[PDB]
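The block underneath contains the structure these notes are about, expressed in structure tokens.
One-based numbering, in listed order, for ligands and for the atoms of each. Positions are given from 1, in the same order as the sequence printed here. The figures here come from the full heavy-atom set of this structure, side chains too, leaving out hydrogens, waters and symmetry mates.
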Amino acid sequence: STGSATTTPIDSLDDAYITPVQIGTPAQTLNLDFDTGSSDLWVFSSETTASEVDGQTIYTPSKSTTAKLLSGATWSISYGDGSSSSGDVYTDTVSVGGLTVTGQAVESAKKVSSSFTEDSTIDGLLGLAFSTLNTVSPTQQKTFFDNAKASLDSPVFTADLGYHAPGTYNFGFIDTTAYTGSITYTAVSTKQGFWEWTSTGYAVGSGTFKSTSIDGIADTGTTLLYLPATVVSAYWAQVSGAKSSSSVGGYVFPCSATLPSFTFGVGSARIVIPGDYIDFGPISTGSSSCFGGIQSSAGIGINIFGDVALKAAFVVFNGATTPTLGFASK
Ligand SMILES: Cc1ccccc1N
């Protein structure tokens, strides 16, 4: 089998991407944030504290003839941005772009933190990291990808995120029309439960490539590119007036600037992030200070190849017995 679904930016800045997902019988369609940095499929629901729901579409398990309470199971998660959610668990039929899994754990939120409430466009998350990170207790549950894997034509999914435009998540096949040149594959460590790999270096604009190992994770659920302070300083030093602002919480730059590109290495290959991808607009409405799309990972404890990086590439998440990651230009 295969599946193919379009993913759409939630706003004009590509702060996140939503993909429609069918849950239950008859189908209830929710717009979920596909997140290769976590491993829980959770949704706003009829059980979510009413004051914490503000415009989201909810899953109502009592209206699904295929929903079953997973007795005794609970979940609780907290993300790198400080947000969190928790609740109980049903199993139900879940379909993405024509690909169907029966008996998928659908984690129903009883509580969500303010940042989820305040974002009316995201109805939940669909985790695509390794199932060892799933938070369901006392019986850990599998991700949608892990449940689908054996049925797929090939044990892979791909992320093709757009810049200020829709893109595609495919399951079970590689669309050879969706990228240019060849796909370069690189080793993955699953030891922390993430799609963790090592970039071979970087360049700033038209500058020379610096060969240096940069361990990090491929994370579709993180907006920005978080890299070591040395790398980030070298980037922003090429932008007149750019500075790190403790009050704002990162590098800012004059909105009048034209930003240089940023290149990262994948083996002997190179992915180029155009400068415009690194512009996240005014720090507050009407400001002439703009927020940077490349930020320091110091204090996170891990480097994160988030959407800013991933949307410059066609990315293969290869879930074969030994997982690997593939990157192509597009
Ligand atoms: C996926 C992730 C892991 C660790 C810290 C932050 C994030 N976003």
List, for ligand 1, each N/O atom that has a protein N/O partner under 3.5 Å away, with both atom names and the distance.
unit_1   : atom_1 : unit_2 : atom_2 : d
ligand 1 : 8 (N)  : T222   : OG1    : 3.4

Output for pair (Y202 OH, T208 OG1), nearest 0.5 Å, gives 9.0 Å
Return the orientation label for the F327 and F264 ring planes: parallel under 30°, perpendicular over 60°, tilted otherwise.
-> perpendicular
[X]-[Y] side chain donor-acceptor pair, cut-off 3.5 Å:
{"X": "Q56", "Y": "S120", "result": "no"}
{"X": "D92", "Y": "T66", "result": "yes"}
{"X": "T223", "Y": "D307", "result": "no"}

Would you say the ring centroid of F305 lies under 6.0 angstrom from that of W195? no
